[PDB]
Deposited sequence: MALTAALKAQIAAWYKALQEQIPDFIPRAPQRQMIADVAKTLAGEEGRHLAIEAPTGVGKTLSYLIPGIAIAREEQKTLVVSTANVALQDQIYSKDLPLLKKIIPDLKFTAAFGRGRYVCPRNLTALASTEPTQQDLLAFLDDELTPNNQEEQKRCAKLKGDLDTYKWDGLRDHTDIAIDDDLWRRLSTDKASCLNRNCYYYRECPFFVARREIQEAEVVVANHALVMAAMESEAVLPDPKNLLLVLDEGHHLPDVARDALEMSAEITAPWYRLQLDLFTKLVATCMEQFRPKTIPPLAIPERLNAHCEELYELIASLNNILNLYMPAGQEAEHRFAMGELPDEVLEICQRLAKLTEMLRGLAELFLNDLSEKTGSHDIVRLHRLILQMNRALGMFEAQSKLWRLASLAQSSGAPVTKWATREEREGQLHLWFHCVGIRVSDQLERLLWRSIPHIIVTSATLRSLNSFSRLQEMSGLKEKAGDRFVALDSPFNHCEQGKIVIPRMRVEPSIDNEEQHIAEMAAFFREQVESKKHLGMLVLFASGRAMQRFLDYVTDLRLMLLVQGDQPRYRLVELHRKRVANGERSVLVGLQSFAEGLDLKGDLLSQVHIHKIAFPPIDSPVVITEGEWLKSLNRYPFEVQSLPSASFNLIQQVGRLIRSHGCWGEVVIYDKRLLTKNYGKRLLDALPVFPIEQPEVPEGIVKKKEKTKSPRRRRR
């Protein structure tokens, strides 16, 4: 419970070694506060988890890293630091942690990423063949990867050498060679993914992202045991959303495909029995029983195909969302029985998998193990899906339910989808009650000056011993920067995107001509808006580092290097650069914000949530839209001031901050800045 004397001493010595390690170190009261509270929670002195809000630039990273590393070493535990995206992962791994390793020269830290971001060596080799192709029928059936053209081949040769000259580690984000979305789909499914994941076991600090932490809690195969984990959820305000996205379930239900899956599974169970018989035979493994079971399950799937197909236009890609997540009684009945039958088949598959796997006819057995694993995976998905479709509520809210008919290989496949609108109870099972003590931190945790929204979405509760701390900002923003809202003619509506982007490009272009700022950042709410904006500043492309051209944090580095040379450099990007990115002083003195980032509203889950909110007589704009845009605006504005020596301005090109009823509330959530309103040149939409 109580912090040891060795531990407090160790934290104090490291934190003091910081004064000599940041030569321009200035004491920060909230940093000290957050060190103490983080130490208390992680060491098990006062409560379960800590949701601690500390404003942008306070220095939260070192605030949780220092105590976390101390307690990890003393307790022989693993500190897991999770952030919102790979760019912020890279920043912790490449900038914060190395600075801390100057103070702790034996610190061992790694970063963890999902398998999909790692290049596959077989695909890379095939993609980097000098003599690539024939347009053979043989080639068409043998469609192992071909280098589309010669320059792309050259890319793959470069990446292939740089893998073997060890510049590249295997991750899409960790090379300077730009790679295409489709080319990455080709490149990525001993190998870099396993040599990367091996380092987790011996690392004291693992830098992950929230998606990977969610998958890790449910898989239970990527991180160490939860009881041996110290977990910090940096930029924690994204956890519910990520959790909701992690717990979405989708499975194919196309009846002929489903019947074939059941046929194969029957055949596979029987062959396991005849070749590697278990000691006790599962009742469900008896052939008459097993295909009685499979026949009932198939007929249920066929009827659900008929029913769902009556909703959608025959023979076209389509979708149908059930309002309020309420299924018709017949469909719910079917779902409940499918949950039963697919769970039973899942359990049978798991049983055979364990039996075969314990047996470790080695090659024959390995083939059967892989097959049984694939069947097990399929029934796992099924079971989760139908158990979710059968719920009338989950965490006090409906479950979004919808079906799609989508195309692959010229064939339509029927898919069914379920998403819990609220997810708190699942967070309780996967994180809150599984990890002894967790830090949830961010500069934007409170909504309307309350932890109420967060408590509703995450499930964290005072009654369970969760603490909620709101810290102050040490910087005097009015003495360091200014918010500038140009008097644009057009609000950034939907009818005005071209006009507004052209007027923004014009003003921006004079700010570049002003030569007042070597370091600037341009932030957009959508890729389309950004790509559209780049059409107006083409003559400037040499000075721009744009998200998409090189991996995000490699762009950040290039920016740091140019600004250090007295060169004008402009970062252009999206959400990844709008949050957590740390550019001190001259590295970022002018931030351009394209818009208020109101979230998109077209998803089945978001509109089902909207109808549920309205059924509870709550306004969806107030609940699901305005806080998202407020939080985003606070983070974006927060890119500017990172120190008492930071300086400059935040241009916000959304006149609605003064124009609409919600503009006052948005500005009130921000740090206090003087506001200037300069005039705008003519915007020539092209």
Deposited-sequence ranges lacking C-alpha coordinates, in sequence order: 190-203, 375-377, 704-716
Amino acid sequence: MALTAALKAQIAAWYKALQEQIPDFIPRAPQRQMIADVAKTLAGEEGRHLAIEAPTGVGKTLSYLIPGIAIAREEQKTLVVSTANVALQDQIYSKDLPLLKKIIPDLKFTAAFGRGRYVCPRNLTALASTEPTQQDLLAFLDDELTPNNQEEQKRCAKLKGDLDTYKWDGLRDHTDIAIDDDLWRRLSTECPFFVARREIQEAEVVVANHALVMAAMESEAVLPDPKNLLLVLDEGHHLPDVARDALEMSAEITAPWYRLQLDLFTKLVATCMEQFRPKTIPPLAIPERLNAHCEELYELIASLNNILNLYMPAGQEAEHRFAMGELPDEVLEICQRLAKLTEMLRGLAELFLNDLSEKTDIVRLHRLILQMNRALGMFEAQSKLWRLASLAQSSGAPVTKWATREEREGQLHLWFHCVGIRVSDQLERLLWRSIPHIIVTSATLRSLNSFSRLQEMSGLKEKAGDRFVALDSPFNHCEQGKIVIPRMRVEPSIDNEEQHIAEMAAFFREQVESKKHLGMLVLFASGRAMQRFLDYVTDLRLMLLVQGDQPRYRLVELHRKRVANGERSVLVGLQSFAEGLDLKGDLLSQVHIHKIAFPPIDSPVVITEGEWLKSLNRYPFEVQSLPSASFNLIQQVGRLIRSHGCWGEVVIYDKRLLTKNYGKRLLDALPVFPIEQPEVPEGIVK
From here on, numbers count along this sequence of modelled residues.
Per the PDB entry, mean CA B-factor is higher for 547-555 or 167-175, namely for 167-175
Got a sec? Mean C-alpha B-factor, which is higher, 41-49 or 57-65? 41-49
Of the choices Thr271, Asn373, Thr280, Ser250, which one's C-alpha carries the largest B-factor in the record? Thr280
Residue selected from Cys191, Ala285, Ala208, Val440 by maximal Cα B factor: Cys191
Using only modelled residues of the chain, where does the Cα B factor of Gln635 rank: lowest third, middle third or highest third? middle
Which third of the chain holds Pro313 when residues are ordered by C-alpha B factor: lowest, middle or highest? highest
Third of chain Cα B-factors occupied by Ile593: middle
Lowest, middle or highest third: where is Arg185 by C-alpha B factor in its chain? highest
Relative to the other modelled residues of the same chain, rank the CA B-factor of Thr659 and answer lowest, middle or highest third. highest
